[PDB]
Ligand SMILES: Nc1nc2c(ncn2[C@@H]2O[C@H](COP(=O)(O)OP(=O)(O)OP(=O)(O)O)[C@@H](O)[C@H]2O)c(=O)[nH]1
Ligand SMILES: Nc1ncnc2c1ncn2[C@@H]1O[C@H](COP(=O)(O)OP(=O)(O)CP(=O)(O)O)[C@@H](O)[C@H]1O
Ligand SMILES: Nc1nc2c(ncn2[C@@H]2O[C@H](COP(=O)(O)OP(=O)(O)O)[C@@H](O)[C@H]2O)c(=O)[nH]1
Ligand SMILES: [Ca+2]
Ligand SMILES: [Ca+2]
Ligand SMILES: [Mg+2]
Ligand SMILES: [Mg+2]
Ligand SMILES: [Mg+2]
């Protein structure tokens, strides 16, 4: 066991114990997919209203 | 001093956030009206606690937090809660109708109409920060808002705050308290969309918190209040390093550096001890060795799984109370020769230890008993993949029949996003098995 | 009404256990993929342990210990015995073995192979994995491998008379959810009908005691005992008449010692004491006995079959100590304490 | 505040709807004059879901009463709580519908539907956030069945993004008024398959058997049948009217109960059903709640499989014991719950029990056995349609035989769709 990097302060302390050594999408792209989903909702509602109009 | 902004999404995120900020105030001596007697610098300062609280000219310490919910009833309790005086209206954001446990409804339909408002409010807090570290995002996996809107907020946050770090406190769905049959859908959909935008995520399984409350607190039927009190203790021990003087996990970047070498594997397992019922006058105070040994018992983990059949990539021990390094090393030596602890070949077999002398604070009259010392272990073990496997199995069962899929397509989501998200989880399970199995 | 599922249709031991559970009127069998079960007679490979213990209101028990493969795989067993301090490296009940890949122990295997050859000691080794080869030339063994294990072939085995024939001992051990180690009171010797010939190792009918090989490649199958299976009652009588000793004193003490040692070694790694699900498992230990009445451990089977005459008694014992202990309804074992 | 707009149409719909408002009004502490006299704030916390508040702290049910005859609506206005309904919300004609779906849907009903929608619009406009509609009606008559489904189609057109929920009374030869009820019911079911998100199938055959066999009522009346419907309607709406976590609004209920858009027909159940001061233990509530004898649809649940289930326990009881009994029912009868919808059974508990009971349980199941109800109607329909019997009542109103053939085919499809998921 090796204890390293011991830091002490008035409110506590920290250290490391070693037991063994080793061996994004853009704003435009987001708005498109949000608008794409909104358009698929508009289309599905349009088909409903067309169905109801019949 | 660098600031951290907390964001609470959905019922789970808001109610948990409400419990955490109540605990913070108790820990920092901040009265419900916002006044902090021990704070001698009036109207300003750059102390450790200022990373979570700003200050007004009148001496009010205001949390750097934003509460977002698509339904007003949950946040309204914050507006009329004991700590209503801490927050001001700009911090609390509510909608008219919620996502109805529908990821697509919260992400696309409702998310598109309220995202700009949330970001604008977040921008307000960012403008107050001289050096913003990043964000802590509280939310559930199963809720329509917690899953759907969070994933949208995380995408945008990466756009507006590219250099900032983002940490998650995610509530993993458990049927004993769950409220929707489709929560596996929302869990996998939001994990897929958020995976590349989260630097470190702490999953809390309601099943584990539920059984811990029943087993160790003698709660017959634990409520959200019981669960959130215990969750706030875990969250507090994790964020204490950011709110107090210390050297371990002093900024958000350090969480990734100390716990996440493999970016996709950013889900550390949390183990907490001890949890003692307050209904008993005297309880034999557990020692450093005993509470440290408890960190390797599955019954104390935030996610039930078996680390023995896995590998560790990193392990942090966060102590609060009467603890000195000598006792920690002595307990580790004993535990090391009695436990099955295996690290990956390419990682050192060791522990990063942090000790805060102030013992844990408990809500007066709550269910948790005051203890002389507590510990929270943060270990990145491949065994946490067991939670993914369970979730993915339930996803596969319903999706094979397309059960409930029409609710999501009806919100504008394409059926392909389901398989796309499921294929990502499959790759994730494969990454874990490669790292921790021979 | 307890519920259970069946996920290993090829298990003869648990097909009988299943039949008994149903015959009690208090157990109900579900579809293999139904999650609301109390007991799982799971599959041998890729048993989803990670999906157990997450059903509210159900005490769940499975018939396999996760991680027991370390003991039931030849390469794993060799690595386990060598590296585990509890078993050390100089444990006298396991033949010197080396793991050879087609890390690796090729160079170490030849090191000890030379020391014996120089000293004129017997260099007859056997190679096998999870078809074998028995040779006195290390070069022929390695060529045969091109994962495998190379252990010292016991050249001085205890030979049953009449017949001058080899044999092996099979012991069934049941470990319940509390990690009580139960050794079945009944064992079986799997004998070789052909006389042992240390001259020609290629004729492996007399060298391999496997029940399948004896019935397929041997002419004297079933000459001395029915199915080349000698039970403990007869074997004990033989030891008393020929060697003036008992099965308990000469062999059984060493067997119990070996069983305790192996199972206690892995107990920390596989125990379900404080786990959200409980496990039990039936193991099959195979031993060799040399002419000095010393017992050697060959391997450990995690999914063993039972002797035909013993299915009834053993399968009932599994239900009594392993299943009914967790799910009570409305001894044939020797408890190896520890 | 997620408001619901209630609609009751026809004789059956208005008599069952009236009893419903009488029941929940008592629960929420509202008297016949709209004044609240309760003793618990839980009564008013979600009172706005079903009631508007007028000047003087008066609560007015958000209910619209519709019929093509004035008869039954005159009885309602003279009934116990008749004075509590908004007078402008009485919309009625004079001709009637003569138990004729065509008259309610195409002729007599078309002439009156616009004035009903005008009242619906006035109610919706004063809703902070209208969440949907609930309609009470029968399928065997003319107004509730024919004009009811017409109203639903026109409500969906004007409010396509709102939830539509119905309590639909299915006809039965045991309790029949005319022989054309299979025709009216078959035509209406297809409308419901397309234009409702949630339909509680209330089978008059089951209501009668429960009154005759269980309740020991030798000569059951419509009042007796409606007593069971009031209790069931109060139970299934408990999660909407009181604070809770599960199925707290119409949309979340649909997401939990409807895995496929067309299979949204539920089997309601109630317990206890006593012929009365004895306390009913939680185990007893649970076993009775799942007993077919407590089902309101006249279908044997053991003849199919449960897709989803919603249970509501009312009264002061041990929630730990509720969970144990619910888990006991599923784990002991797991074969009747489809395995491809994990944890498809959800439980809720409300502290306020119904009037006259210390404890109660309401069952809401989406079972594939409901096909037995639609098969029954399909057989009776075909028995007459193969000979075109009684069709002149409908062709005299402009309908063509093809529309009957299509309604028949549509309901057989629904039966086949249930059968495919039962396997
Ligand atoms: N631990 C804990 N879990 C909660 C709490 N509230 C809700 N949950 C869990 O969150 C999941 C449901 O998500 P919610 O947060 O309630 O839903 P939401 O985020 O508000 O999104 P909506 O669908 O629009 O309501 C369920 O699995 C609940 O068990 C809480 O206060 N504490
Ligand atoms: N080191 C050794 N010395 C002498 N004989 C040996 C030996 N190793 C193996 N044998 C012989 O080989 C036979 C079968 O070997 P082994 O058990 O490794 O293969 P196996 O796994 O196919 C049979 P089982 O699964 O029942 O144990 C044994 O019955 C034994 O007689
Ligand atoms: N449960 C119940 N069923 C009724 C009642 N009145 C009529 N019915 C049933 O409804 C059908 C007749 O429809 P009805 O409402 O009278 O026709 P409408 O007024 O034109 O809509 C028949 O199947 C009756 O059995 C009632 O008060 N209660
Ligand atoms: Ca200050
Ligand atoms: Ca980023
Ligand atoms: Mg919500
Ligand atoms: Mg073998
Ligand atoms: Mg009538």
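With ideal geometry, Cβ positions are generated from the backbone for all residues, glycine too; neighbour counts draw on all protein chains shown. What is reported rests on the model, the rules as stated and the sources as named; nothing here is a laboratory result.
Here are the numbers for this structure:
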read-out: Any hit, the stretch C:45-64, residues being surrounded by 18 or more Cβ atoms within 10 Å (Cβ to Cβ), within 19 Å of the chain's Cα centre (by Cα) and outside the structural domain of residue C:259 (by CATH); value: yes
read-out: Check on residue D:2, closer than 17 Å to residue D:123 by Cα, more than 16 Å from ligand 2 (Cβ to nearest atom) and within 14 Å of chain B (Cβ to nearest Cβ); value: yes
read-out: Test set (1) over 19 Å from the mean Cα position of the chain (by Cα); (2) farther than 24 Å from residue B:404 by Cα - residue D:346 fails condition number; value: (2)
read-out: Residues that are over 20 Å from residue D:186 (Cα atoms) and within 16 Å of ligand 3 (Cβ to nearest atom), drawn from the stretch D:111-164; value: D:111, D:112, D:113, D:116
read-out: From the options B:66, B:74, residue that is within 14 Å of ligand 1 (Cβ to nearest atom) and buried (at least 16 other Cβ atoms within 10 Å of the Cβ); value: B:74
read-out: Some residue of the stretch C:20-29 being outside the structural domain of residue C:326 (by CATH) and under 26 Å from the mean Cα position of the chain (by Cα); value: yes
read-out: Which listed residue is within 11 Å of another protein chain (Cβ to nearest Cβ) and at negative phi, from B:414, B:434, B:420; value: B:414
read-out: Test: residue in the stretch C:80-98 that is part of a strand (DSSP E or B), more than 14 Å from chain D (Cβ to nearest Cβ), farther than 30 Å from residue C:2 by Cα and touching a helix residue (DSSP H, G or I) at 6+ places or on another chain (Cβ under 7 Å); value: yes
read-out: Residue that is surrounded by fewer than 15 Cβ atoms within 10 Å (Cβ to Cβ) and under 20 Å from residue C:287 (Cβ atoms), where the choices are C:207, C:257, C:211; value: C:257
read-out: Residue, nearest to ligand 5 (Cβ to nearest atom), within the stretch D:138-159, restricted to residues that are assigned to a loop (DSSP other than H, G, I, E, B) and touching a helix residue (DSSP H, G or I) at 6+ places or on another chain (Cβ under 6 Å); value: D:139
read-out: Residue match in the stretch C:64-75 (condition: in a helix (DSSP H, G or I), out of contact with any helix residue (DSSP H, G or I) (no Cβ under 7 Å at 6 or more places or on another chain) and within 14 Å of another protein chain (Cβ to nearest Cβ)); value: yes
read-out: Residue count for the stretch B:123-156, restricted to those that are under 22 Å from the mean Cα position of the chain (by Cα) and either within 16 Å of ligand 8 (Cβ to nearest atom) or more than 21 Å from residue B:196 (Cα to Cα) (or both); value: 2
read-out: Checking residue C:37 against (1) surrounded by fewer than 21 Cβ atoms within 10 Å (Cβ to Cβ); (2) within 11 Å of another protein chain (Cβ to nearest Cβ), the condition it does not meet; value: (1)
read-out: Residue within the stretch D:5-18 that is surrounded by fewer than 14 Cβ atoms within 10 Å (Cβ to Cβ) and more than 16 Å from ligand 4 (Cβ to nearest atom) present; value: no
read-out: Residue, farthest from the other protein chains (Cβ to nearest Cβ), within the stretch D:284-329, restricted to residues that are assigned to a loop (DSSP other than H, G, I, E, B) and more than 28 Å from residue D:376 (Cβ to Cβ); value: D:316
read-out: Selection status of residue B:112, surrounded by fewer than 24 Cβ atoms within 10 Å (Cβ to Cβ), within 23 Å of residue B:418 (Cα to Cα) and in the same structural domain as residue B:182 (by CATH); value: yes
read-out: Index of the failed condition, residue A:2 passing every other in (1) within 7 Å of chain B (Cβ to nearest Cβ); (2) closer than 24 Å to residue B:313 by Cβ; value: (1)
read-out: Residue D:10 at positive phi, touching a strand residue (DSSP E or B) at 6+ places or on another chain (Cβ under 7 Å) and either within 14 Å of chain B (Cβ to nearest Cβ) or within 16 Å of ligand 3 (Cβ to nearest atom) (or both); value: yes
read-out: Test: residue in the stretch D:49-63 that is surrounded by 15 or more Cβ atoms within 10 Å (Cβ to Cβ), under 24 Å from residue D:230 (Cα atoms), within 14 Å of chain B (Cβ to nearest Cβ) and within 16 Å of ligand 1 (Cβ to nearest atom); value: no
read-out: Neighbours by Cβ (under 8 Å, 6+ apart or cross-chain): first from the stretch B:393-405, facing chain D (nearest Cβ under 8 Å); second part of a helix (DSSP H, G or I); value: B:394/B:184; B:398/B:184; B:398/B:185; B:401/D:421; B:404/B:185; B:404/B:398; B:404/D:255
read-out: The stretch D:206-219, subset surrounded by 20 or more Cβ atoms within 10 Å (Cβ to Cβ) and more than 16 Å from ligand 8 (Cβ to nearest atom), residue nearest to the other protein chains (Cβ to nearest Cβ); value: D:206
read-out: The stretch B:327-367: number of residues that are in contact with a strand residue (DSSP E or B) (Cβ under 8 Å, 6 or more places away or on another chain) and more than 12 Å from chain A (Cβ to nearest Cβ); value: 3
read-out: Those residues of the stretch D:340-356 which are crowded, with 17+ Cβ neighbours inside 10 Å and farther than 14 Å from residue D:24 by Cβ, in sequence order; value: D:340, D:341, D:342, D:343, D:344, D:345, D:346, D:347, D:348, D:349
read-out: Only listed residue being under 30 Å from residue D:221 (Cα atoms), surrounded by fewer than 18 Cβ atoms within 10 Å (Cβ to Cβ) and within 16 Å of ligand 8 (Cβ to nearest atom), chosen from D:136, D:143, D:178; value: D:178
read-out: Within the stretch D:181-208, considering residues that are near ligand 3 (Cβ under 10 Å from one of its atoms) and not in a helix (DSSP H, G or I), the one farthest from the chain's Cα centre (by Cα); value: D:203
read-out: Residue match in the stretch B:33-51 (condition: under 29 Å from residue B:209 (Cα atoms) and part of a loop (DSSP other than H, G, I, E, B)); value: no
